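**Q** here is the sequence, then the experimental structure:
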Amino acid sequence: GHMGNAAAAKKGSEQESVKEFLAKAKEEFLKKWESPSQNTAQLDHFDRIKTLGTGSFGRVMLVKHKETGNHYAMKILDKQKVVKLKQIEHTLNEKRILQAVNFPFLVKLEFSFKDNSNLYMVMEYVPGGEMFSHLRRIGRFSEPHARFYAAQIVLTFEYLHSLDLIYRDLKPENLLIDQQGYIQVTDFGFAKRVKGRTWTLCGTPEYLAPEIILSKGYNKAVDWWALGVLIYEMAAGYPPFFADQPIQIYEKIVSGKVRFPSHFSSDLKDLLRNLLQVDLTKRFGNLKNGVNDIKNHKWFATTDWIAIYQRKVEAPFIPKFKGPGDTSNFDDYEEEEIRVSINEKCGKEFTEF
Amino acid sequence: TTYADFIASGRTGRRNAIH
Ligand SMILES: CN(C)S(=O)(=O)c1cccc2cnccc12
Ligand SMILES: CN(C)S(=O)(=O)c1cccc2cnccc12
């Protein structure tokens, strides 16, 4: 066989130990999901320092909690905007998931509250910036560098999928680098509790699995496809399927064809062909062996999955950090004033927030 | 090159989810 007796016994034991972990993690998540947090701070508890990012729903700002001096990232969502953008259920769901999950590579929600006009999700500040910016800046990550990040996504998806959460919006834009060089997954606006199948067309074109594009009822294997896209993009500097317009990207994705840079190792290419596998019955992460097909793949032979989870691996890259409020790793955004209307907007729609 | 095609695609910046 590929493993001798000591290796196989060690590997099987480790696999049962993570099953034991996930079982306990699932119980703690459900208990938190049934009894969630609410109204745990207020706006004047924070100084607003700088906008770190923007989106259709609102803005994310670096804030400083006045009492403690601690910095946080405060996501501000315009309620009326959220309605018009038909994002009520996503936003409520994201906040509900964020307060219920617990994993070292998932951003932690520290406070949440609302006022007449806005919803506020106060998350840990992740000062290293988006993986996106570093990837485009460096050009591409070495395979060990890409592997270090990929390993954390694998563990994170293993965790989320054990909670029956499909993530569905993996991309470097969504992955922040913390001070130790580890990954923080943010943005759960498309995550959903799915034990079986789900049908929503959602995600980012380059990262859509074929079965999403083809309007099938799909499952958590779309996350493993997206992992393949992420690994490819991290290691190549560009994603496997690109084109001027999303429709042409989709034609490439469903085509079953993928080309690799010549500098890709064969181990890497083998993993990618098994993740970027259009046939759901052959895609890694979707077979009887589950995530173990990925974690035991030759490309991950050097990965100490436990050490990664415990964050005992020295990161290949540590972002420039010049203090707790440093925003140098984030781009600059036009600053809009936070106006809290006198009239409560959309009170019914966000009652549970 | 494939990288040049990636540049020519114009989708080198931050990518939005579909809407
Ligand atoms: C992705 N960013 C640029 S962002 O939107 O500003 C952001 C979102 C969520 C949590 C964050 C934590 N720290 C820094 C930035 C954070
Ligand atoms: C083996 N342990 C339970 S653990 O090191 O705490 C751990 C926790 C969560 C996920 C894991 C995945 N792979 C290896 C170890 C993992």
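**A** Done, it's in. Residues are numbered from 1 along each chain as shown, chains lettered A, B, ... in the order given. Ligands and ions are numbered 1, 2, ... in the order given.

**Q** residues contacting the residue in chain B that ligand 1 sits nearest to?
**A** Proximity of chain B to ligand 1 (C-beta to the nearest ligand atom) peaks at residue B:14, 9.0 Å away. No exception for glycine: its C-beta is placed from N, CA and C like everyone else's. Listed by C-beta atoms under 8 Å, 6 or more residues apart in numbering or on different chains, the contact set of residue B:14 reads A:132, A:173.

**Q** same check, this time on residue A:291
**A** A:154, A:157, A:158, A:161, A:285.

**Q** let's see which of the residues you listed end up in helices.
**A** Using DSSP state H, the subset of the contacts of residue A:291 located in helices is A:154, A:157, A:158, A:161.

**Q** correct me, but the second one touches residue A:167?
**A** Spelled out, that is residue A:157. Yes: with contact defined as C-beta atoms under 8 Å, residue A:157 counts as touching residue A:167 (6.4 Å).

**Q** before we move on, back to that, show me which of the contacts of residue A:291 is closest to residue A:47.
**A** residue A:157 (35.9 Å; C-beta to C-beta).

**Q** next one: that closest one from ligand 1, what distance?
**A** 19 Å (C-beta to the nearest ligand atom, to the nearest Å).

**Q** kindly report the same for residue A:162.
**A** 23 Å.

**Q** right, and that residue touches residue A:25 too?
**A** Yes: shown here, residue A:162 and residue A:25 form a contact pair, counting by C-beta under 8 Å, at 6.6 Å.

**Q** residue A:85 and residue A:95: what is the separation?
**A** Distance of residue A:85 to residue A:95, given as C-beta to C-beta, to the nearest Å: 16 Å.

**Q** next one: residue A:109
**A** From residue A:109 to residue A:95 the distance is 7 Å (C-beta to C-beta).

**Q** quick one: common contacting residues for the two?
**A** Between them, residue A:109 and residue A:95 share the contacting residues residue A:121, judged by C-beta under 8 Å, 6+ apart.

**Q** looking at those two, which is more packed in?
**A** Set residue A:109 next to residue A:95 and count neighbours by other C-beta atoms under 10 Å in any protein chain shown: residue A:95 wins out with 26 against 22.

**Q** and that one, what does it touch?
**A** Residue A:95 makes contact with A:109, A:112, A:119, A:121, A:353 under the criterion C-beta under 8 Å, 6+ apart.

**Q** could you look up the SS state of the residue of chain B closest to ligand 1?
**A** coil (DSSP: H, G, I helix; E, B strand; the rest coil).

**Q** ok so residue A:60 is a strand residue?
**A** Yes: counting by three-state DSSP, residue A:60 is located in a strand.

**Q** can I assume it is in contact with residue A:73?
**A** Yes: Residue A:60 is within contact range of residue A:73, at 5.4 Å (criterion: C-beta under 8 Å).

**Q** identify the contacts common to those two.
**A** By the contact definition C-beta under 8 Å, 6+ apart, residue A:60 and residue A:73 are jointly contacted by residue A:52.

**Q** tell me where the stretch 51-200 of chain A has helices.
**A** Listed in chain order, the helices of the stretch 51-200 of chain A (DSSP state H, counting those that start in this stretch) span A:79-84, A:88-100, A:131-138, A:143-162.

**Q** where's the longest one relative to the chain centroid, distance-wise?
**A** A distance of 10 Å separates the centroid of the chain from that of helix A:143-162, by C-alpha atoms, centre = their mean, to the nearest Å.

**Q** quick check: angle from that helix to helix A:88-100?
**A** 100 degrees (axes from the mean of the first three to the mean of the last three C-alpha atoms, to 10 degrees).

**Q** got the domain boundaries for chain A?
**A** Partitioning chain A according to curated CATH domains yields domains covering residues A:18-35+A:130-320, A:36-129+A:321-351.

**Q** how about the residues of chain A that lie near ligand 1?
**A** A:52-53, A:60, A:73, A:75, A:107, A:123, A:125-126, A:130, A:176, A:186, A:330 (C-beta under 6 Å from any ligand atom).

**Q** anything in stretch A:139-157 near ligand 2?
**A** Yes: residues of stretch A:139-157 contacting ligand 2 under C-beta under 6 Å from any ligand atom: residue A:155.

**Q** how about residues contacting that stretch?
**A** A:103, A:105-106, A:131, A:135, A:167, A:170, A:175, A:182-183, A:185, A:220, A:223-224, A:227, A:230-231, A:234-237, A:264-265, A:268, A:285, A:291, A:294-295, A:299-300, A:302-303, A:305, A:308-309, A:313, A:315-317.

**Q** just the buried residues of those.
**A** With neighbours counted by 16 or more other C-beta atoms under 10 Å in any protein chain shown, these contain buried members at A:103, A:105-106, A:131, A:135, A:167, A:170, A:175, A:182-183, A:185, A:220, A:223-224, A:227, A:230-231, A:234-237, A:264, A:268, A:285, A:291, A:294-295, A:299-300, A:303, A:305, A:308-309, A:313, A:315.
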